[PDB]
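Residue numbers (PDB author numbering), protein chains in the order written: chain B, 1 to 382, 388 to 466; chain B', 1 to 382, 388 to 466; chain A, 1 to 382, 389 to 466. A prime marks a further copy of an entry chain.
Backbone N, C-alpha and C define an ideal beta-carbon position, used for all residues, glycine too.
So the structure is just underneath, and the comments pick up after that.
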Amino acid sequence: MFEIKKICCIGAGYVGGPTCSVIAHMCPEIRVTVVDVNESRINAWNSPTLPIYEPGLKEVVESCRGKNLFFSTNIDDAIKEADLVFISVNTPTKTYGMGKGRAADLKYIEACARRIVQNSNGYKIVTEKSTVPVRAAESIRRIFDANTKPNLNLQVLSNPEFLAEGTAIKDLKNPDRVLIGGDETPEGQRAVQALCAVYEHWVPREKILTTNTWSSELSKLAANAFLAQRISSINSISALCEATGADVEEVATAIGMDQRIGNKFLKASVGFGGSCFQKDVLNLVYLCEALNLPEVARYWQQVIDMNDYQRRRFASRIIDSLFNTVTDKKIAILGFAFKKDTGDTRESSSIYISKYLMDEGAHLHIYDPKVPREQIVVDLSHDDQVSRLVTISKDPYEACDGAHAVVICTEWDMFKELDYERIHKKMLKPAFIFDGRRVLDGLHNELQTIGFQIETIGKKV
Amino acid sequence: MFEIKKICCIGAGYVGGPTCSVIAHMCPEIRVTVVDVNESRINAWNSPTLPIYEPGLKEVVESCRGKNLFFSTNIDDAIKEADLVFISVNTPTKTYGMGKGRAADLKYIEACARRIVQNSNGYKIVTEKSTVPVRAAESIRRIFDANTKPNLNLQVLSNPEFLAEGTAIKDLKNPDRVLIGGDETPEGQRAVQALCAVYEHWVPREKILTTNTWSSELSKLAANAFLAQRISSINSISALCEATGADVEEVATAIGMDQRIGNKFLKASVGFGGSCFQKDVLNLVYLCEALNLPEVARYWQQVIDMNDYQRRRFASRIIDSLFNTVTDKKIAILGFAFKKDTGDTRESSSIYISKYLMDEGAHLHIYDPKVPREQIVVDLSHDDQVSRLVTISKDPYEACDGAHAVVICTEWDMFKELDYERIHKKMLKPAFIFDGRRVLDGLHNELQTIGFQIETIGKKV
Amino acid sequence: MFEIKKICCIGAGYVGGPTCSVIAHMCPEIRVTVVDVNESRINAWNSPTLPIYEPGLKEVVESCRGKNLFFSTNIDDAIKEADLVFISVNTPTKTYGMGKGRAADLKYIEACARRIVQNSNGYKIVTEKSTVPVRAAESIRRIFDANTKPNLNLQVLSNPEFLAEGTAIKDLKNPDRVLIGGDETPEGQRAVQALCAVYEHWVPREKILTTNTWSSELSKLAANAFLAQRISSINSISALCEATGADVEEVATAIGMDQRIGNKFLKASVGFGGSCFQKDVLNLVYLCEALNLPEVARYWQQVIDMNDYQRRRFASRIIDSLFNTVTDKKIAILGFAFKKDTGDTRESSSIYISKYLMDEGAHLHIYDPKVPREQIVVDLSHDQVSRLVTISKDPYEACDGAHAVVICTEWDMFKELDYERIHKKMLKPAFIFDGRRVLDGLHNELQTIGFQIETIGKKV
Ligand SMILES: NC(=O)c1ccc[n+]([C@@H]2O[C@H](COP(=O)([O-])OP(=O)(O)OC[C@H]3O[C@@H](n4cnc5c(N)ncnc54)[C@H](O)[C@@H]3O)[C@@H](O)[C@H]2O)c1
Ligand SMILES: NC(=O)c1ccc[n+]([C@@H]2O[C@H](COP(=O)([O-])OP(=O)(O)OC[C@H]3O[C@@H](n4cnc5c(N)ncnc54)[C@H](O)[C@@H]3O)[C@@H](O)[C@H]2O)c1
Ligand SMILES: O=C(O)[C@H]1O[C@H](OP(=O)(O)OP(=O)(O)OC[C@H]2O[C@@H](n3ccc(=O)[nH]c3=O)[C@H](O)[C@@H]2O)[C@H](O)[C@@H](O)[C@@H]1O
Ligand SMILES: O=C(O)[C@H]1O[C@H](OP(=O)(O)OP(=O)(O)OC[C@H]2O[C@@H](n3ccc(=O)[nH]c3=O)[C@H](O)[C@@H]2O)[C@H](O)[C@@H](O)[C@@H]1O
Ligand SMILES: O=C(O)[C@H]1O[C@H](OP(=O)(O)OP(=O)(O)OC[C@H]2O[C@@H](n3ccc(=O)[nH]c3=O)[C@H](O)[C@@H]2O)[C@H](O)[C@@H](O)[C@@H]1O
Ligand SMILES: [Cl-]
Ligand SMILES: [Cl-]
Ligand SMILES: [Cl-]
Ligand SMILES: [Cl-]
């Protein structure tokens, strides 16, 4: 049996940093080196202020960093020395060319594959952790086959990642499962078993699934598409509730008590964000179109279409409720991160609601407890319109001071705890609360007594 | 019988220069003066370097120029002195206004008609050689009727041109036929017969067709639409072949051995280019829409739609074969002219394939034995993107050095003769050849043995 | 080199019968046995009146029948003895299920395949003679592979038919080309070569083209599609001519003089008919949809849509000319066959023009010199035939009391009619609608007699 003793991870992002940090923490005898082309990111990983906010992450980094955990921009030597190389780079939707707005952008992956074969000799396992179109591993194999050297044996595995931001460390330390894909050849199964032996330092063997390479790639896309679909489905139900007097939280509970459906991922929202759900479903759609599966393509597209309807109609709700015009109206945006317990804003609904209201010429005042203000400025920029229409607030009370509406977009715990009596006093009248997260449930009577018009998703006005 | 002794041709382009050069060469007693508003074009026609590359043209110009062949920017005196005035100006698709992207732009023609009546006295024959919408001659007539002078007799004829670039001189010296259109009046038939007498110096009378003005105008559009259609039809068959394992060259041969179909214009390609096929079919389409013939309009539109599918899918082939990403990938473009034996690039498929690959951020290195590099730069410009993504190569080996793919777009003879063993050595791996012209047929086994992945149109991978 | 000396042909129809008769006639040293399940058809091939009428066929058949040409219902013995087995059965359009109206039905081909493998030992060459969908040869190979025996070697070839109706024997004796497809293996190439040697008894080697099997199958459909496309293209041009003062006959001459275009199949018409063109183009379109080639499917669909528009617009011209009402108006239809010199009416434009006028309540009087009146009744049946349709014994009957004379088939006799006689007994205004451009050159005098003359691709 081959033993992995040095690991290199190309990509020091929300996946690469935490995954490697937990591997190093659980496997004291394995050297783990996380690398990136981004110098300031790598410099931040080596500093008292990590480049990402993830609960418990700093404690894990600090326990291992400089012992068996390293962050470096020296990609070549980290590859050269490694028994195992992870590819954990970004795979965004292409914003250009063929498949613009749908297809996965594989240029970061290809760059990794080229760099690996350029800097590799002997035996190495190359593990595709990035979320990819099905069969992407076949292209990494072809590049390696076409660029062999004497004694160079590069084995390719699929090892997709299931962590959610905000709960990364817990997800990594106690995963529901680990999935590994490789071919059925003797060398392929040897590679699989070596990677399994890494995870077995802390994951029970019954929680490690081994499949073929393509089932593993597909499983990741499917898992994300099923999760996103649960949200779009309950969000579709929120609209029906609003029209009927049914309550979406009541309905969610009823359906989720069926053990075959389950009670998770039935929290209605202004819409799902985060870097991957939309892009991974669109990748699935694009791939289906390419494989002449248009029925399957249009089935999954509904998940994205619903999410976009949820958001748009939430924005329309705000504008319709505020007498059909929001031009020059101060509006508080409470929450800019895509979910609580992260500073990540990638595809946050907060961005889409903010842009909709900015198209109207609203004056947005934006508060979030963890997102840096510079990121919010970048997200809302194409910027003159940002300088004219957007203010980043230091606290929520400042945001709401002289506002017409408070719009809650991220389910930070603090928001339900605010002093709404104080807030109502300095708001323009009538004062509105638009709750995109159902976090103010149970406060509606008190809020109404104070004087607010309170509206939320999945509840009839 | 009236005898034409002085000819003026307005338009010194790919039609006007060669047609007039051959008339002068065949009719030593007729003074032929080619005129243009473009000074540098006219200056080039008077120089050792003609403004166009056409086989055998220089020999014809040089034998007559300064004897009975003249090139001049003095349009007014050339008209004033002429027995016969040719209109041989450009008729591009309108890029603006009503019919943008479809309708013919008749502003150059109208300018000629106005200038002719302004500078004409006595008897002259005015011959519309430019490709025009049907009934355009009626407008030239109306302008003349509305601007008569005492003793001014301007007779209007249709005399469209059937030469193909690359074979212009041969086509002009030995035409399959000459077509002349005029009205059935005594003066009209007199004009027709005078123009016939010019061509009879070298074209047998049985190869000179005389029709009415509108049949003649329409015949030119129809002829071009039938030719373009043969190519789009065999290109449509190329796609079916790729899907079935049939070979398009085999199928082309089988169908073309039916004497009713004929064996010409069945060469599959990345797509037909050249200045006229697309614009003349679109003119036909537009005209049909204007005459309430939408069924006829949509029949002919298929010829353009097929051509655009052929090109797009060829580009998609390249990107799909190169692991679904070509960003930063060096790619050799061999051939930029729209067909071999011309330096003309007007509507070359090379432009469309290059632009598709540039949209992806590919690094194109472009070689062509006759197109000037300045023209390729203009064609690919909207240019920063050109400065970043495009290099004009001095030879094909330079183009292919460190390239991922060689893409053949123009059927220059030299390309099949290249040293592909040498080329494979310095290509990045795996190395691809994409043959848009079927010029490497028969070399596939040798190329595969060298190591290439070779793909071509109308052949299954 | 392998010599073929016994040929069996499964299917004694319009393709198989004549093809095999010519082979026997040209190759005296080959025994050619044509077989069929249809016993009365086989018995007719051995009779003084053959079950297929083609000029020259009777003479070819009678020259070698009983010598080296045989017709039999004994299919199993013919297969068993054959070096080469032609599959020349019909592949009719599916009238049901997947591909209804467009897909070819392969049931007969498959039956033959199963029967061949069942009755075969050793080496045989099996050749698709009938028009088939692309990759039909692969199904035959699979049936053979699944049903193999020791020493069984069945090589599958494609060898399409290019017979035009009424000229089959001349097409057979002097073909533009012979097309043979086989795979590019040693065995497939010896099979191809063995069949080439048969055709070489009368076809120059330069006119025999050998391809792969799929190329061969696809070439037959593409050929008919290119042919039908020339007709739809010149017809589309005919409509523009009428709108612009151009003449489609002048335009056809002008474009046909380009040797890259050529001068055949540019005769504008009310629309192409026949049992082949629409069927083969629709099959091609269905194959494209099945292969996920939608751009290609709708490119070729235009050939059919243009043909259908040519017929539709011609009927509407008739109706609009007769003041937009033809209820109980007598109209003479001259020509019902799909082209001249035949009684064949299959997919004839005359059917479609007649049905359009029937839908308006017109009283049609139909004359054709060769189409049997019984066929006309069937073709115009689904009620309205007995009510609206009369089959005339001569053109003058048909035109008597008529509002319009409509020429749908290009029979040479129609330009020889006594149009002064016709005009006298027609209701006024009297119309002639020439759907075939047969009365060109009578236009001046017909106008003087007093007709309103309407033709395709010209305003007279
Ligand atoms: N973020 C999540 O919650 C999550 C969860 C599961 C899976 N994933 C998948 O993991 C992958 C990475 O996600 P992420 O959120 O960490 O992205 P990220 O953008 O935050 O990090 C990727 C890093 O890779 C670097 N990189 C790109 N190309 C490089 C190259 N050629 N050489 C060296 N470094 C390079 C970038 O600079 C960046 O720092 C994606 O494919 C994603 O779909 C993400
Ligand atoms: N290029 C061919 O292979 C070809 C073949 C047959 C027919 N045609 C037809 O011939 C016509 C000309 O084609 P081309 O390729 O020679 O175009 P071109 O652009 O190369 O040449 C036309 C010339 O006319 C000049 N011109 C325009 N307006 C003028 C004016 N008012 N006074 C004086 N000069 C003027 C332009 O400066 C230009 O030099 C077109 O209508 C085209 O459809 C072209
Ligand atoms: O591939 C990925 O990137 C990851 O995507 C998600 O993780 P993540 O996007 O970080 O966070 P989630 O908790 O799944 O929520 C995504 C979006 O759905 C929203 N959401 C979630 C659950 C819910 O019930 N309702 C709802 O609106 C969240 O607020 C957020 O905007 C998946 O949960 C992970 O398993 C996966 O590894
Ligand atoms: O009006 C015009 O401008 C002229 O257009 C064409 O001439 P041209 O465009 O110069 O050259 P072609 O040989 O017709 O080819 C046009 C395009 O079709 C492509 N082509 C041609 C033939 C073929 O079989 N396959 C094919 O892809 C050529 O490479 C080229 O891109 C016609 O051939 C001329 O008769 C006509 O006078
Ligand atoms: O697939 C087949 O078995 C045969 O189909 C057709 O033969 P066919 O339909 O009998 O006769 P055609 O001469 O092609 O005429 C078909 C239709 O086209 C019409 N047509 C033909 C030529 C033309 O210029 N204009 C025109 O309207 C004819 O009047 C007729 O309605 C082909 O011509 C044969 O090569 C082929 O072998
Ligand atoms: Cl695998
Ligand atoms: Cl909080
Ligand atoms: Cl005229
Ligand atoms: Cl060359």
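Under 9 Å by beta carbon: chain B' residues contacting residue i
i	result
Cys288 (chain A)	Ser236, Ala239, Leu240, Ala243
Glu128 (chain B)	Under the 9 Å cutoff, chain B' gives no residues; its nearest Cβ is about 13 Å from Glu128 (chain B).
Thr211 (chain A)	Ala246, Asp247, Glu250, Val251, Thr253, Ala254
Extent of the continuous alpha helix (DSSP H) to which residue i belongs
i	result
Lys124 (chain B')	Careful: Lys124 (chain B') lies outside any alpha helix (DSSP H), inside the beta strand (DSSP E) at 123 to 128.
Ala12 (chain A)	Where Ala12 (chain A) is concerned, there is no enclosing alpha helix (DSSP H), given that its DSSP letter is neither H nor E.
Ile87 (chain A)	Not the alpha helix (DSSP H): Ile87 (chain A) falls in the beta strand (DSSP E), residues 84 to 87.
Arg373 (chain B)	373 to 380
Alpha-carbon spacing of residue i relative to residue j, whole angstroms
i	j	result
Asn119 (chain B')	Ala82 (chain B')	10 Å
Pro18 (chain A)	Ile459 (chain B')	45 Å
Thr211 (chain B)	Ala78 (chain B)	28 Å
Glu242 (chain A)	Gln155 (chain A)	55 Å
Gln189 (chain B')	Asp183 (chain B')	7 Å
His382 (chain B)	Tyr352 (chain B)	13 Å
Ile23 (chain A)	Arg142 (chain A)	29 Å
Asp379 (chain B)	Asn324 (chain B')	28 Å
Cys64 (chain B')	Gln375 (chain B')	29 Å
residue 387 (chain B')	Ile366 (chain B')	Coordinates for residue 387 (chain B') are simply not present: the residues of chain B' run from 382 and resume at 388.
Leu106 (chain B)	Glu360 (chain B')	12 Å
Boundaries (first-last residue) of the beta strand (DSSP E) holding residue i
i	result
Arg31 (chain B)	31 to 35
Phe439 (chain A)	437 to 440
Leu69 (chain B')	69 to 72
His449 (chain B')	No beta strand (DSSP E) contains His449 (chain B'), which is instead part of the alpha helix (DSSP H) from 449 to 455.
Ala410 (chain B')	410 to 413
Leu172 (chain A)	Unbroken run through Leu172 (chain A) is the alpha helix (DSSP H), 168 to 173; no beta strand (DSSP E).
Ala332 (chain B')	330 to 334
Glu360 (chain B')	Counting along the chain, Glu360 (chain B') falls outside any beta strand (DSSP E), and DSSP gives it neither H nor E.
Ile459 (chain A)	458 to 461
Bridge-paired residues (DSSP) for residue i
i	result
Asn153 (chain B')	B':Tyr123
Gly181 (chain B')	B':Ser158, B':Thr211
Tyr352 (chain B)	Answer is none; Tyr352 (chain B) lacks a bridge partner.
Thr396 (chain B)	B:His365
Under 7 Å from the C-beta of residue i: neighbouring residues of chain B'
i	result
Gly97 (chain B)	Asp359, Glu360
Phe226 (chain A)	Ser233, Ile255, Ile261
Interface residues of chain B' facing residue i [CB-CB closer than 8 Å]
i	result
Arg141 (chain B)	Residues of chain B' passing the Cβ test: none, with the nearest at roughly 11 Å.
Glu295 (chain A)	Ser236, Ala239, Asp305, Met306, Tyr309
Contacts that residue i makes with chain A (C-beta to C-beta distance below 8 Å)
i	result
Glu184 (chain B')	Neighbours of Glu184 (chain B') on chain A: none; closest Cβ ~11 Å, over 8 Å.
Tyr299 (chain B')	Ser232, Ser233, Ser236, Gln302, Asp305, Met306
| alpha helix (DSSP H) runs wholly inside the stretch 254 to 314 of chain B', at least 4 long, in chain order | 277 to 290
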